[PDB]
Amino acid sequence: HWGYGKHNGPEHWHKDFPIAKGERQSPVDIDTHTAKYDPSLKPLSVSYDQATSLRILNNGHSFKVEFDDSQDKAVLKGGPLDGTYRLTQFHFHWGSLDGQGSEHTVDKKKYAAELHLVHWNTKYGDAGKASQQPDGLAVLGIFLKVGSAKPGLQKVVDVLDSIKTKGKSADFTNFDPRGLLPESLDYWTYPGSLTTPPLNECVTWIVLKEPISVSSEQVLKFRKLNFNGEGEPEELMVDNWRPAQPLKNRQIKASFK
Ligand SMILES: NS(=O)(=O)c1c(F)c(F)cc(F)c1N[C@H]1C=CCc2ccccc21
Ligand SMILES: [Zn+2]
């Protein structure tokens, strides 16, 4: 199936998913000098007070912390968005080395990892229906650099040994995603896509300028995960990032400067 290697990684995805060569693919390099400050953008509103995490899950490509999105709870609005987008899950992409791992880049800089908080536009009723619309999803992307530990991340890291392998899940309740946010909500935004198959062109990307710091020990725990299932040869889950794709007609807008 698809994955991140030589014979099934990103340069192969187009054969099963021809939109991989589409007009609004993600991620992209954010050229900060070219991004246009847009004084009409609004502050983002990230309203995570009542978020209810349910499970954390390893799917063989990443791991994802899930939320109960059956009620008007943890919502993203404002910024570039029209309407209300409800948080459904977050996940990460990361590298084998601290010098790579992010999907987006900033003036060609790669971060050690990238957090994706995925939200769906409530006007489409479900995340699945939302994924068929060109304004269906909004992903808040946050870069991770290696330095001091992020305390709010540790509950996630400490459960990973219980989900080492593809298909494992754990009861993951009362996790507060506010502990994963940097101080500043300054951002870049552009229209793009899922970064994994099926690569749907359904995402408004909102990429925060300010990275969070995680410790070397925290990211080493991500790198102990496996892309295989239990009882299969160990494949470390590392380098699960799609490289930057052509910007094509698009303009990246800045909320700041
Ligand atoms: N970056 S991503 O393509 O993985 C992503 C998006 F860009 C997006 F807009 C919505 C998503 F749900 C996902 N990630 C999930 C895709 C399938 C299930 C799964 C399992 C674990 C981690 C993430 C995801
Ligand atoms: Zn992602």
# chains A, B, ... in the order shown; residues from 1 in each chain; ligands from 1

$ residues_near_ligand --ligand "ligand 2" --cutoff "12 Å" --atoms "only C-alpha atoms and all ligand atoms" --output "PyMOL selection string"
chain A and resi 26-27+61-64+89-94+101-104+113-119+138-143+193-197+199+203+205+207+240-243

$ write_last_selection --atoms "N, CA and C atoms" --output "CSV table (one decimal), in the first residue's frame"
chain,number,residue,atom,x,y,z
A,26,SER,N,-0.6,20.0,-0.8
A,26,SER,CA,0.2,20.4,0.4
A,26,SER,C,1.1,19.3,0.7
A,27,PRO,N,2.2,19.6,1.5
A,27,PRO,CA,2.5,20.9,2.0
A,27,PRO,C,3.2,21.8,1.0
A,61,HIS,N,0.8,4.9,9.8
A,61,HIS,CA,1.4,6.0,9.1
A,61,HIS,C,1.7,7.2,10.1
A,62,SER,N,1.0,7.3,11.1
A,62,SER,CA,1.2,8.3,12.2
A,62,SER,C,0.4,7.7,13.4
A,63,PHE,N,0.3,8.5,14.4
A,63,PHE,CA,-0.7,8.3,15.5
A,63,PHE,C,-1.6,9.5,15.6
A,64,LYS,N,-2.8,9.3,16.1
A,64,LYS,CA,-3.8,10.4,16.1
A,64,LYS,C,-4.6,10.3,17.5
A,89,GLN,N,-9.4,15.5,15.5
A,89,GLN,CA,-8.2,14.8,15.9
A,89,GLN,C,-7.0,15.6,15.7
A,90,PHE,N,-5.9,15.2,16.4
A,90,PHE,CA,-4.6,15.8,16.0
A,90,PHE,C,-3.6,14.6,15.8
A,91,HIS,N,-2.6,14.9,15.0
A,91,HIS,CA,-1.5,13.9,14.8
A,91,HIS,C,-0.3,14.7,14.4
A,92,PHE,N,0.8,13.9,14.2
A,92,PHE,CA,2.1,14.5,14.0
A,92,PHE,C,2.8,13.8,12.8
A,93,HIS,N,3.8,14.6,12.2
A,93,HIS,CA,4.7,14.0,11.3
A,93,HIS,C,6.1,14.4,11.8
A,94,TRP,N,7.1,13.5,11.7
A,94,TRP,CA,8.4,13.7,12.3
A,94,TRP,C,9.5,13.0,11.5
A,101,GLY,N,11.6,16.5,9.3
A,101,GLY,CA,10.4,15.9,9.9
A,101,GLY,C,9.1,16.7,9.6
A,102,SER,N,9.2,18.1,9.5
A,102,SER,CA,8.1,18.8,9.1
A,102,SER,C,7.7,18.6,7.7
A,103,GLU,N,6.4,18.9,7.4
A,103,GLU,CA,5.8,18.9,6.1
A,103,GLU,C,6.0,20.3,5.4
A,104,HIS,N,5.4,21.3,6.0
A,104,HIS,CA,5.7,22.6,5.6
A,104,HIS,C,7.1,23.0,6.0
A,113,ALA,N,9.5,18.3,13.6
A,113,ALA,CA,8.2,17.6,13.5
A,113,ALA,C,7.2,18.7,13.2
A,114,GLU,N,5.9,18.3,12.9
A,114,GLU,CA,4.8,19.1,12.7
A,114,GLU,C,3.6,18.5,13.3
A,115,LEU,N,2.8,19.3,14.0
A,115,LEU,CA,1.6,18.9,14.6
A,115,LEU,C,0.5,19.4,13.7
A,116,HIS,N,-0.5,18.6,13.4
A,116,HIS,CA,-1.7,18.9,12.7
A,116,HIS,C,-2.9,18.7,13.5
A,117,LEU,N,-3.6,19.8,13.8
A,117,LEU,CA,-4.9,19.7,14.5
A,117,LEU,C,-6.0,19.9,13.4
A,118,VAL,N,-6.8,18.8,13.2
A,118,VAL,CA,-7.7,18.7,12.1
A,118,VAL,C,-9.1,19.1,12.5
A,119,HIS,N,-9.7,19.9,11.8
A,119,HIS,CA,-11.1,20.4,12.1
A,119,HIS,C,-11.9,20.4,10.8
A,138,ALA,N,-10.1,22.4,8.0
A,138,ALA,CA,-9.1,23.4,8.4
A,138,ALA,C,-8.1,22.7,9.3
A,139,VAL,N,-6.8,22.8,8.9
A,139,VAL,CA,-5.8,22.2,9.7
A,139,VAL,C,-4.9,23.3,10.2
A,140,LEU,N,-4.8,23.3,11.6
A,140,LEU,CA,-3.9,24.1,12.3
A,140,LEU,C,-2.6,23.4,12.3
A,141,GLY,N,-1.5,23.9,11.7
A,141,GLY,CA,-0.2,23.3,11.7
A,141,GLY,C,0.7,24.1,12.6
A,142,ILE,N,1.5,23.3,13.4
A,142,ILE,CA,2.4,23.9,14.4
A,142,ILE,C,3.7,23.1,14.3
A,143,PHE,N,4.8,23.9,14.1
A,143,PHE,CA,6.1,23.3,14.0
A,143,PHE,C,6.6,22.9,15.4
A,193,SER,N,-4.4,20.8,0.6
A,193,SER,CA,-4.9,19.5,0.6
A,193,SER,C,-4.5,18.6,1.8
A,194,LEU,N,-5.0,17.5,1.9
A,194,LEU,CA,-4.4,16.4,2.8
A,194,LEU,C,-3.0,16.2,2.3
A,195,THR,N,-2.2,15.8,3.2
A,195,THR,CA,-0.8,15.5,2.9
A,195,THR,C,-0.5,14.0,2.8
A,196,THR,N,-1.6,13.2,3.0
A,196,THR,CA,-1.5,11.8,2.9
A,196,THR,C,-2.6,11.4,1.9
A,197,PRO,N,-2.5,10.3,1.2
A,197,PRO,CA,-3.6,9.7,0.3
A,197,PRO,C,-4.8,9.6,1.2
A,199,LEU,N,-5.2,12.6,-0.5
A,199,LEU,CA,-4.7,13.9,-0.9
A,199,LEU,C,-5.8,14.8,-1.3
A,203,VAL,N,-8.6,21.4,2.1
A,203,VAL,CA,-8.1,22.0,3.4
A,203,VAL,C,-7.7,23.5,3.2
A,205,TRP,N,-5.3,25.6,5.1
A,205,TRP,CA,-4.2,25.4,6.0
A,205,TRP,C,-3.9,26.7,6.8
A,207,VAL,N,-1.0,27.8,9.3
A,207,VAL,CA,0.3,27.3,9.9
A,207,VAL,C,0.9,28.4,10.8
A,240,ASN,N,7.8,10.3,8.3
A,240,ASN,CA,6.4,10.2,7.8
A,240,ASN,C,5.9,11.5,7.3
A,241,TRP,N,6.7,12.2,6.5
A,241,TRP,CA,6.3,13.6,6.0
A,241,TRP,C,6.4,13.5,4.5
A,242,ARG,N,5.4,14.3,3.9
A,242,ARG,CA,5.4,14.5,2.5
A,242,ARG,C,6.3,15.8,2.3
A,243,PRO,N,7.2,15.8,1.3
A,243,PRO,CA,7.9,17.0,1.0
A,243,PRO,C,7.1,18.1,0.4

$ residues_around --residues "residue A:158" --least-positions-apart "6" --cutoff "12 Å" --atoms "only C-alpha atoms" --output "list in words"
residues 56, 151, 152, 164, 170, 172, 217, 218, 219, 220, 221, 222, 224 and 225 of chain A

$ select_by_dssp --residues "stretch 3-70 of chain A" --states "helix (DSSP H, G or I)" --output "ChimeraX atom specification"
/A:10-15,18-21

$ residues_around --residues "residue A:201" --least-positions-apart "6" --cutoff "9 Å" --atoms "only C-alpha atoms" --output "ChimeraX atom specification"
/A:19,22-26,131-135,191-194

$ write_last_selection --atoms "C-alpha atoms" --output "CSV table (one decimal), in the first residue's frame"
chain,number,residue,atom,x,y,z
A,19,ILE,CA,-4.7,14.6,-7.6
A,22,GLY,CA,-3.1,18.7,-8.6
A,23,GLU,CA,-3.4,22.4,-8.4
A,24,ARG,CA,-3.6,22.9,-4.6
A,25,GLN,CA,-1.4,20.2,-3.0
A,26,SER,CA,0.2,20.4,0.4
A,131,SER,CA,-13.5,16.1,3.1
A,132,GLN,CA,-15.4,16.2,-0.3
A,133,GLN,CA,-15.6,20.0,-0.2
A,134,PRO,CA,-13.0,22.6,-1.1
A,135,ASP,CA,-13.6,24.4,2.2
A,191,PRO,CA,-5.7,26.7,0.3
A,192,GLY,CA,-4.3,23.1,0.0
A,193,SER,CA,-4.9,19.5,0.6
A,194,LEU,CA,-4.4,16.4,2.8

$ closest_residue --among "A:166, A:248, A:150, A:42" --to "ligand 1" --atoms "only C-alpha atoms and all ligand atoms"
A:166

$ select_by_dssp --residues "stretch 78-113 of chain A" --states "strand (DSSP E)" --output "ChimeraX atom specification"
/A:78,85-94,105-106,113

$ closest_residue --among "A:213, A:154, A:226, A:88" --to "ligand 1" --atoms "only C-alpha atoms and all ligand atoms"
A:88

$ closest_residue --among "A:87, A:46, A:160, A:144" --to "ligand 1" --atoms "only C-alpha atoms and all ligand atoms"
A:87

$ closest_residue --among "A:86, A:110, A:33, A:6" --to "residue A:254" --atoms "only C-alpha atoms"
A:33

$ closest_residue --among "A:187, A:120, A:4, A:37" --to "ligand 1" --atoms "only C-alpha atoms and all ligand atoms"
A:120

$ closest_residue --among "A:175, A:256, A:111, A:67" --to "ligand 1" --atoms "only C-alpha atoms and all ligand atoms"
A:67

$ atom_distance --atom1 "atom CA of residue A:57" --atom2 "atom CA of residue A:163"
6.8 Å

$ atom_distance --atom1 "atom CA of residue A:206" --atom2 "atom CA of residue A:81"
9.6 Å

$ decode --residues "stretch 198-229 of chain A" --atoms "N, CA and C atoms" --output "compact mmCIF listing (two decimals), in the first residue's frame"
# COMPACT_ATOMS: atom_id res chain seq x y z
N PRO A 198 -5.98 10.07 0.67
CA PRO A 198 -6.17 10.34 -0.77
C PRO A 198 -5.88 11.75 -1.28
N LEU A 199 -5.24 12.59 -0.45
CA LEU A 199 -4.70 13.87 -0.95
C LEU A 199 -5.80 14.85 -1.35
N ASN A 200 -6.97 14.72 -0.73
CA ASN A 200 -8.10 15.53 -1.15
C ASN A 200 -7.77 17.01 -1.02
N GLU A 201 -8.26 17.79 -1.96
CA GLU A 201 -8.03 19.23 -2.00
C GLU A 201 -9.16 19.93 -1.27
N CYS A 202 -9.19 19.78 0.04
CA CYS A 202 -10.31 20.15 0.87
C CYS A 202 -9.88 20.96 2.09
N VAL A 203 -8.62 21.41 2.13
CA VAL A 203 -8.06 21.96 3.38
C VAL A 203 -7.74 23.45 3.24
N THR A 204 -8.21 24.24 4.23
CA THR A 204 -7.62 25.54 4.48
C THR A 204 -6.52 25.34 5.53
N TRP A 205 -5.29 25.61 5.12
CA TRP A 205 -4.15 25.45 6.02
C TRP A 205 -3.94 26.74 6.80
N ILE A 206 -3.68 26.61 8.09
CA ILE A 206 -3.36 27.70 8.98
C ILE A 206 -2.11 27.23 9.70
N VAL A 207 -0.97 27.81 9.35
CA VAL A 207 0.32 27.35 9.87
C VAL A 207 0.85 28.43 10.80
N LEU A 208 1.03 28.07 12.09
CA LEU A 208 1.52 29.04 13.05
C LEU A 208 2.97 29.37 12.82
N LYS A 209 3.32 30.65 12.96
CA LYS A 209 4.71 31.05 12.83
C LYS A 209 5.59 30.59 13.97
N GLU A 210 5.06 30.53 15.17
CA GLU A 210 5.88 30.27 16.33
C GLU A 210 5.90 28.77 16.55
N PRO A 211 7.08 28.11 16.52
CA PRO A 211 7.12 26.70 16.86
C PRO A 211 6.96 26.45 18.34
N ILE A 212 6.60 25.24 18.71
CA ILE A 212 6.76 24.81 20.09
C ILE A 212 8.05 24.05 20.21
N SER A 213 8.60 24.04 21.43
CA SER A 213 9.80 23.28 21.76
C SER A 213 9.38 21.98 22.40
N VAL A 214 10.01 20.89 21.94
CA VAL A 214 9.85 19.61 22.60
C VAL A 214 11.25 19.12 22.92
N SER A 215 11.38 18.20 23.88
CA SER A 215 12.73 17.77 24.19
C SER A 215 13.16 16.65 23.27
N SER A 216 14.48 16.45 23.26
CA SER A 216 15.05 15.34 22.53
C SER A 216 14.38 14.04 22.99
N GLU A 217 14.20 13.88 24.32
CA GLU A 217 13.61 12.66 24.84
C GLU A 217 12.17 12.48 24.34
N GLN A 218 11.40 13.55 24.23
CA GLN A 218 10.05 13.42 23.70
C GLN A 218 10.02 12.97 22.25
N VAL A 219 10.90 13.54 21.44
CA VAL A 219 10.81 13.14 20.04
C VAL A 219 11.41 11.76 19.80
N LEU A 220 12.41 11.36 20.63
CA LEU A 220 12.89 9.98 20.58
C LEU A 220 11.77 8.97 20.86
N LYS A 221 10.80 9.31 21.71
CA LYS A 221 9.67 8.41 21.94
C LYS A 221 8.82 8.28 20.66
N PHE A 222 8.60 9.36 19.91
CA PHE A 222 7.89 9.25 18.63
C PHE A 222 8.62 8.26 17.75
N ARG A 223 9.96 8.30 17.75
CA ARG A 223 10.75 7.51 16.82
C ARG A 223 10.82 6.05 17.21
N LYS A 224 10.26 5.68 18.37
CA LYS A 224 10.20 4.27 18.76
C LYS A 224 8.93 3.60 18.26
N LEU A 225 7.96 4.38 17.75
CA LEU A 225 6.77 3.82 17.15
C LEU A 225 7.17 3.03 15.93
N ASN A 226 6.23 2.18 15.53
CA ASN A 226 6.48 1.31 14.39
C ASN A 226 5.42 1.49 13.30
N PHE A 227 5.87 1.46 12.02
CA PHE A 227 4.91 1.43 10.92
C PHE A 227 4.26 0.06 10.72
N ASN A 228 4.85 -1.03 11.25
CA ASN A 228 4.31 -2.39 11.23
C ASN A 228 3.36 -2.60 12.42
N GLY A 229 2.55 -3.67 12.25
CA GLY A 229 1.71 -4.22 13.29
C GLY A 229 2.48 -5.22 14.12
